[PDB]
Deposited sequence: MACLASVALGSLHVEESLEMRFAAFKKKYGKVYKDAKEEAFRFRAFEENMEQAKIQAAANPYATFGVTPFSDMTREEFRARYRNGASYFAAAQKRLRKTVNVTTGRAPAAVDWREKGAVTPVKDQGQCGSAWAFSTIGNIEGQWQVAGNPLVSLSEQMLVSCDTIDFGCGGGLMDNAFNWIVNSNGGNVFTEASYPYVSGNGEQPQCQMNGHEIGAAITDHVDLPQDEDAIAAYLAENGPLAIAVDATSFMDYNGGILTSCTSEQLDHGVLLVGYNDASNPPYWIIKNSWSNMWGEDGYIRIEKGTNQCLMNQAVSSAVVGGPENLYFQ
């Protein structure tokens, strides 16, 4: 019970009354209880920022998400061929990944997946790495549902087809939905951080995805997040893989490991997992990561062989 107080003191949790805290502790107890059930064996599980909440709300927080992906799955995805694969790449070292962020009490992970992907593709184009705005998407993308959820595909389409291929920087358009508030769209007072021309979807092939990632940079993926709750670190190997319900970002992989793994960036700050990051086994479709991979396309200047 000391480690629950440690938890409270670590995340500044100030409960309403005895009753509200009462469950959170029972709930904390059960989350710690379940954490030793999953104890992906070769990964670590423990206390995270949501050991306070129950796995009925968690699974409820995704009910919408699940239903958006299932609806997207029913529609035709145009896959793009991959020209074809280094045993290991990791775009974090290659300055193609920004510090981890926090979606807060907002169902806005779709927006974080999109922004993260865009940032990676923009930097791999050969631009200076630059944080970009999720708020833009959360408040201004009328295809999607802001804190209610959305699809990366919808948002790629909104940027290109309703915002000229333009993405505003985080600095100029700051993330303020952390608290679940949804202010009106603000078109003025922003600086454009990046430009996209289109987006592509990728086939449901992990080998294919890796080659395009290795070649082009971080991609927006969707996973089943059910096994993510109590994760502290390691490589997941029995990820629950039943229903897609969360948008994350694939930043790399490594084949020279036993077993090999994908490197994924999440929108739950850094206090969660491996500094905001999770590793899942590659090549067995863990968390169904291959089902909804997609990537913005960067073009622009082409003076490579002209100077």
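- Several segments of the deposited sequence have no coordinates for C-alpha: 1-18, 58-59, 105-106, numbered from the first residue.
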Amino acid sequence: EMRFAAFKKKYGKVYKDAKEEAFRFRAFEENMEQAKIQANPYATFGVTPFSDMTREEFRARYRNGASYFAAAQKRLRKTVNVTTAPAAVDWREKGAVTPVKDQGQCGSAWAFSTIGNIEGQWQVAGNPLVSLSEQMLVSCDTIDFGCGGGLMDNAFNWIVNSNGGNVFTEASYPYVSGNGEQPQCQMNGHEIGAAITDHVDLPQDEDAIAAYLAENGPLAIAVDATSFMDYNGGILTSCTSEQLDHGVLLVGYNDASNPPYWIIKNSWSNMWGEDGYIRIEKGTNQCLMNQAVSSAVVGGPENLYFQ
From here on, numbers count along this sequence of modelled residues.
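- The stretch 56-64 shows the higher mean C-alpha B-factor when 56-64 is compared against 241-249 in the entry.
- Per the PDB record, of the two stretches 226-234 and 72-80, 72-80 carries the greater mean B-factor over its C-alpha atoms.
- Residues shown: 39, 280, 47, 271. Highest C-alpha temperature factor in the entry: 39.
- When the C-alpha B-factors of 116, 165, 107, 95 are read from the PDB record, the largest value belongs to 95.
- Ranked by Cα temperature factor within the chain, residue 91 sits in the middle third according to the deposited record.
- Ranked against the other modelled residues of its chain, the C-alpha B-factor of residue 292 as given in the entry falls in the lowest third.
- In this PDB entry, the Cα temperature factor of residue 154 sits in the bottom third of its chain's modelled residues, the lowest group.
- Residue 148 sits in the lowest third of its chain by CA B factor, as recorded in the PDB entry.
- Looking at the C-alpha B-factors along this chain, the one for residue 205 belongs to the middle third.
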